[PDB]
Structures are given as C-alpha cells and as structure tokens.
Amino acid sequence: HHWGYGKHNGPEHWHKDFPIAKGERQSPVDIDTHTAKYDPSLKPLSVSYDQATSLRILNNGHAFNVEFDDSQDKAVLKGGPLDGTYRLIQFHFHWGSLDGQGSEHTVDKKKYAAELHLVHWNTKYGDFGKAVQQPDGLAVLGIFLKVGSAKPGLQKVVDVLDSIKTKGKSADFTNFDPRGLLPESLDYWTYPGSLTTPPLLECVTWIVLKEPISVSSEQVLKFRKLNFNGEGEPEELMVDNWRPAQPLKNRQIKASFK
Ligand SMILES: [O][B]1([O])O[C][C]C2=[C][C]=[C][C]=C21
Ligand SMILES: [Zn+2]
C-alpha cells in the first residue's frame with residue numbers, strides 16, 4: 001500500500017508515512033499575485049543548458065523523468081535567489097485528466113493543464129542524496145503549461161512515451177535540449193518549499209516562471225496515455241499526478257519583476 005494519487009493512497013494520506021507533509025515549508029502553494037512582493041535585490045536567473053547531456057527517460061510509476069548526466073557542471077542554474085551552482089539532474093511533469101487541472105502551483109487559484117519541473121541540486125553538497133538533506137539543497141524551476149499551440153521542443157518527449165507506457169520502463173533519450181521547453185521571459189516568483197512527492201523533504205528553493213508555455217491538445221493527450229501500473233497489470237491511466245496547494249504558513253513569495 002505505497003503512496004500514489006488514488007482515493008486510497010493520494011495526497012490526503014501521505015502524512016501517515018511522511019509526517020513532514022504537515023510541515024512548515026510544504027509545496028506547492030497558491031501564488032497570490034497581489035501579495036507577492038517585487039524584490040529589487042533578486043537577480044536575473046542564469047539558465048545555462050547549452051552543454052546539457054540527456055541520457056534516458058524513465059516511467060517511475062508517478063511521472064516520467066528525463067534524466068541528465070550530472071557527474072560534472074554541464075547544465076546549471078545560478079543567480080536569481082540562489083547562492084552558488086545547481087546542476088540539472090532531471091525534469092518531469094505533473095498533469096491532469098482534463099485541461100482545467102494538472103498544475104501543482106496555482107496563480108490566484110488558477111490551475112494550469114500541467115507543470116514542468118526542472119530539478120537541480122547544489123554542487124556544494126557533492127551528490128543529490130546529500131543535497132536533499134539541506135534547506136538549500138535543491139532549486140526547482142517550475143513552468144506552467146497551457147493548451148493551445150504545439151510546443152515544438154516537446155514533441156521528441158511526446159513521441160517516446162509509447163515506449164515507456166508502464167512503470168519501470170525506460171528508453172535511451174540522448175541529445176534532448178531542454179532550452180526548447182522554456183518560455184521567452186524568465187520573470188519568476190520564488191519561495192522556500194519542498195519536494196511535492198514523498199519524502200516531501202523541505203530542501204527546495206522554488207523558482208516558478210510567470211510565463212506559461214503552450215502545448216497542443218494532442219501533446220497533453222499523449223501524456224494521459226501513460227500508465228501508473230506495471231506491464232500486464234490492470235490499466236490505470238497516469239493522470240492527475242499533482243499535489244494540491246499547501247498552506248503558505250510563515251513564508252513570503254517574492255517576485256523578480258514589477
Ligand atoms: O517529484 B517531485 O515532487 O515533484 C516535484 C519536483 C521534485 C524534485 C525532486 C524530486 C522529486 C520531485
Ligand atoms: Zn515535480
């Protein structure tokens with residue numbers, strides 16, 4: 001009886017195995033755009049993905065992860081609210097059964113169809129597993145998806161999904177350029193939070209871009225054909241793999257923009 005996104009094992013249950021689910025810096029949150037304060041001291045973000053080395057795509061039973069070579073400083077996030085250098089390890093998405101839900105963060109209570117998470121770890125801690133035990137261990141770039149025009153840079157991801165339908169399947173996924181998933185503007189909100197999946201560790205500096213990317217209905221329909229189950233098991237479509245907004249508690253969301 002492992003955690004998941006069903007009636008019996010979904011987010012409202014996670015606190016039993018992971019009591020930090022009720023902690024003081026949980027994610028995601030609602031971003032109240034009127035209360036977020038412009039912080040003139042932040043920087044422009046530095047997203048340096050030219051030398052990114054994608055390796056593989058994995059259906060882990062909760063999402064699919066596009067994994068990178070993080071054995072050296074190839075694709076890194078720096079600047080913005082961050083001190084030091086954060087190495088890209090993987091990206092994945094959260095999405096809904098219909099276009100009116102799917103994102104984890106919300107903006108004035110608006111839910112987007114999906115949300116992309118580019119996960120990076122602080123190189124001062126040497127490895128990902130050490131990083132997640134630190135309050136400044138991870139930096140996650142969050143990007144909302146809305147349904148409209150196709151995203152050209154997403155189609156290579158869409159077209160491999162048939163090959164990783166079920167939990168535990170992987171495929172080679174070399175030479176994928178994550179720059180093709182970014183919006184034009186890097187304007188962002190930032191706040192201290194957590195992983196949005198068990199173990200829900202409070203180790204993340206969240207950087208949530210204001211500008212959504214557009215994907216087509218056909219693209220997100222292919223996400224929804226994935227399975228949470230393993231091969232041969234009763235089919236459970238991989239949809240609604242999002243955690244709802246958690247209490248903000250004693251946190252301030254800062255804006256990079258006026
Ligand atoms: O799956 B997760 O919660 O979704 C948010 C992003 C993140 C970051 C590190 C590990 C897992 C996850
Ligand atoms: Zn995520």
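Laboratory data are not the source of any read-out in this text; all were calculated from the coordinates shown. Methodologically, a virtual Cβ is constructed for each residue, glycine included, from the backbone with ideal geometry; neighbour enumeration extends over all protein chains shown.
Things to note:
- Ratio of the Cα radius of gyration of the stretch 148-258 to 2.2 N^0.38 Å, where N counts its residues: 1.29
- Principal axes of the stretch 21-88: Cα extent on each, largest first, Å: 40, 31, 19
- GNM top mover of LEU42, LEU195, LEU116 - the chain, alpha-carbon springs below 10 Å: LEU42
- Just checking the listed ones, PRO183, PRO19, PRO244: in the Gaussian network model of the chain with Cα springs under 10 Å, the one fluctuating most is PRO19.
- Here the Karplus relation 6.51 cos²θ - 1.76 cosθ + 1.60, evaluated at θ = phi - 60°, turns the backbone of the stretch 69-80 into coupling constants of 6, 10, 7, 8, 7, 9, 10, 9, 10, 8, x, x Hz, with x for every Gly and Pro.
- Check: the stretch 148-258 dipole with +1 on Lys, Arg Cβ and -1 on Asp, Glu Cβ, in debye: 480
- Volume in Å³ per residue [convex hull over Cα atoms, computed for the stretch 27-138]: 129
- Over the stretch 2-258, all Cα pairs binned in 5 Å intervals from 0 give whole-percent P(r) values of 1, 6, 13, 18, 21, 19, 14, 6, 1, 0, 0, listed from short to long.
- Fraction of beta bridges assigned by DSSP in the chain that are antiparallel (%, nearest 5): 80
- Helix content alone sets the calculated 222 nm mean residue ellipticity of the chain: runs of n ≥ 4 DSSP H residues at -39500 (n - 2.57) each, divided across all residues, give -1500 deg cm²/dmol.
- Interchain or long-range residues, amide H under 5 Å from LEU201's placed H: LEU195
- Placed amide H near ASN241: partners under 5 Å, 5+ positions off or other chain: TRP95
- Positive-end ranking of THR197, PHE173, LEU209 along the dipole of the chain, with charges on Cβ about the Cα centre, is headed by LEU209.
- Within the listed set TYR188, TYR125, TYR112, the Gaussian network model of the chain (springs between alpha-carbon atoms below 10 Å) gives the highest mean-square fluctuation for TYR125.
- Descending principal axes extents, the stretch 75-186, alpha-carbon based, whole Å: 39, 38, 26
- Top positive-direction residue, dipole computed over the chain with Cβ charges, set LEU116, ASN241, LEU42: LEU42
- The stretch 1-103, relative contact order in percent, only Cα pairs under 8 angstrom and at least six apart counted: 18
- Using C-alpha pairs under 8 Å with a sequence gap of at least 6, the mean separation divided by the residue count of the stretch 2-258 gives a relative contact order of 27 percent.
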